[PDB]
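To begin, one chain is listed below as structure tokens, in the form deposited without this ligand.
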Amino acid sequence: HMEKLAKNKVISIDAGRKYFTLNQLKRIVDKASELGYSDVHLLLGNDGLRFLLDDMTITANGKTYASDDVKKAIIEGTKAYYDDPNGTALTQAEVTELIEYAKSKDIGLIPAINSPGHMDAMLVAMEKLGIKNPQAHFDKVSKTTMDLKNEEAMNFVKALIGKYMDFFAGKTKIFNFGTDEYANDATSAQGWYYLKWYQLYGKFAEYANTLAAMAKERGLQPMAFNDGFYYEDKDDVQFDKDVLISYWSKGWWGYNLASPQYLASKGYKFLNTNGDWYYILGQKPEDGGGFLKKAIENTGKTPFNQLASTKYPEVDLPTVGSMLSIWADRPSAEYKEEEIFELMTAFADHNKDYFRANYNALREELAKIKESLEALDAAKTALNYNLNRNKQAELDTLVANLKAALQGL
């Protein structure tokens, strides 16, 4: 059916907290293409900022920050969060190659540059560039979140995100600006309650609305996590309606995030990023949370269309697709490719009607191209590009016929 295959099947990789090589990411892309995924969600800004453009010149606050100054500041900020021995940041040439490599396998890339929360690297970077006190300050000075009242910091980050958006414009369909937290380290995980207390929640919305307008103007579909949108189902503060919502959870006790029902009533489309499918690198059964055993179990237990805090199909809210997420909460933990591959395969195997068939063997065979020309032409026409994961044997036969016609030219 066209509807199921039209939906997004996304694997999310936390390459913000932890470094991934181009080859590691290429191998994730190829495995995603094999299993029938449509997109790779790649966090590049998440705590650490692990992506540098060739030109990092920034214009904000009536002055310009030299490209080499910005690069050096960001590298110092990212190493300040976590000095990864595997590497610090991906280059423009590496990300450009990754986008083109993914495109050749019908895989989209969804970049994520997080703010105002989860931006440890940007905060230190701004300090090195002469921007004093960029951090939010509540129970203590945050190490993760920008102060919304600091114009100097706000103007720089907007300009910085703009430059990242300029690069992804015309290369990717979607840009994720995050907005998933506000100084949870400085509020005992009560960032939204603190924004409300200090009447700065209107200022948060203004920042999120700006980022959404920045994405749309540059031809990018705006994307954000649900956390900041219409907190506690209240609408005295309005948000941009065009944002694709990465819904992952309704929160916990004292963390009253908007329900999927309420956000759906505002007209929001969801990318189902259910927290049930979460795997944090190195997480074990005794730690609780997103360990590998539970994540693999949940790919079967939690329905593809089930939004967090809802029972499916009882509550059936329209989604554009689903996203399984890999996190690197402690980036020092070892990335084991096969663990991610097993979790990716499990999600595809439980949902064979949503995921497409493996078209890698078919692409290899087409790269190798007078009753002989009639036979080759007939097998080429017989090819079916619309087969899901349930029909691999059906596709394999069609590829085998193309092989027989090609070996008899």
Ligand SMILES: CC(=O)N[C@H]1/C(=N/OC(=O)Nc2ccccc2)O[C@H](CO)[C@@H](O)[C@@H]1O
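When you see a residue number, it is the position in the sequence shown, counting from 1.
Trainee: Unmodelled stretch from the deposited sequence between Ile369 and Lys370, which bin: none, 1 to 3, 4 to 9, 10 or more?
Mentor: 4 to 9 residues lack coordinates between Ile369 and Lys370.
Trainee: Determine, for stretches 125-133 and 203-211, which one has the higher mean CA B-factor as deposited.
Mentor: Result of the comparison: 125-133.
Trainee: Compare the mean C-alpha B-factor of 279-287 with that of 140-148 as given in the PDB entry, and name the stretch with the higher value.
Mentor: According to the entry, 279-287 carries the higher average C-alpha B-factor.
Trainee: By the CA temperature factor listed in this entry, which of these ranks top: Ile107, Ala328, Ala183, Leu263?
Mentor: That would be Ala183.
Trainee: Whose C-alpha has the highest temperature factor in the PDB entry: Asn46, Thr57, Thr345, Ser33?
Mentor: In this record, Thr57 carries the highest C-alpha B-factor of the candidates.
Trainee: Would you mind checking where the Cα B-factor of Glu76 ranks among the modelled residues of its chain, as the lowest, middle or highest third?
Mentor: Middle third of the chain for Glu76's C-alpha B-factor.
Trainee: Using the temperature factors of the C-alpha atoms in this entry, rank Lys352 within its chain: lowest, middle or highest third.
Mentor: Its C-alpha B-factor belongs to the highest third of this chain's values.
Trainee: Compare the C-alpha B factor of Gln190 with those of the other modelled residues in its chain, then answer lowest, middle or highest third.
Mentor: Ranked within chain, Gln190 CA B lands in the highest tercile.
Trainee: When the deposited Cα B-factors of this chain's modelled residues are ordered and cut into thirds, is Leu42 in the lowest, the middle or the highest one?
Mentor: According to the entry, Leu42 has a C-alpha B-factor in the chain's lowest third.
Trainee: C-alpha B factor of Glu217, ranked within the chain: lowest, middle or highest third?
Mentor: Lowest third, going by the recorded CA B-factors of the chain.
Omitted from view is the form deposited with this ligand bound, to which the following refers.
Trainee: Given this ligand in the orientation seen in the bound PDB entry, superposed onto this form through the C-alphas lining the site, is the binding site open or blocked (3 or more ligand atoms within 2.4 angstroms of backbone or C-beta atoms = blocked)?
Mentor: After C-alpha superposition the pocket is open.
Trainee: Let me know the one among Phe204, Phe225, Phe156, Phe239 whose heavy atoms come within 4.5 Å of this ligand in the bound PDB entry, would you?
Mentor: It is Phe225.
Trainee: To verify the annotation, which of these, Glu339, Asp329, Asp84, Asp147, has a non-hydrogen atom within 4.5 Å of this ligand in the bound PDB entry?
Mentor: When this ligand is considered in the bound PDB entry, the option within 4.5 Å is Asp329.
Trainee: Report yes if any heavy atom of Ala189 sits within 4.5 Å of a heavy atom of this ligand in the bound PDB entry; otherwise report no.
Mentor: Answer yes; at least one heavy atom of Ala189 falls within 4.5 Å of this ligand in the bound PDB entry.
Trainee: Does at least one non-hydrogen atom of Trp248 fall within 4.5 angstroms of this ligand in the bound PDB entry?
Mentor: Contact check for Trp248: yes, within 4.5 Å of this ligand in the bound PDB entry.
Trainee: Is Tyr278 close enough to this ligand in the bound PDB entry to count, meaning some heavy atom within 4.5 Å?
Mentor: Yes, contact at 4.5 Å.
Trainee: So in the bound PDB entry, does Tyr255 come within 4.5 Å of this ligand, heavy atom to heavy atom?
Mentor: Judged by the heavy-atom cut-off of 4.5 Å, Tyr255 is in contact with this ligand in the bound PDB entry.
Trainee: Given the stretches 101-109, 173-181, 120-128, 196-204, which is the single one in contact with this ligand in the bound PDB entry, using a heavy atom cutoff of 4.5 Å?
Mentor: Looking at the other structure, the answer is 173-181.
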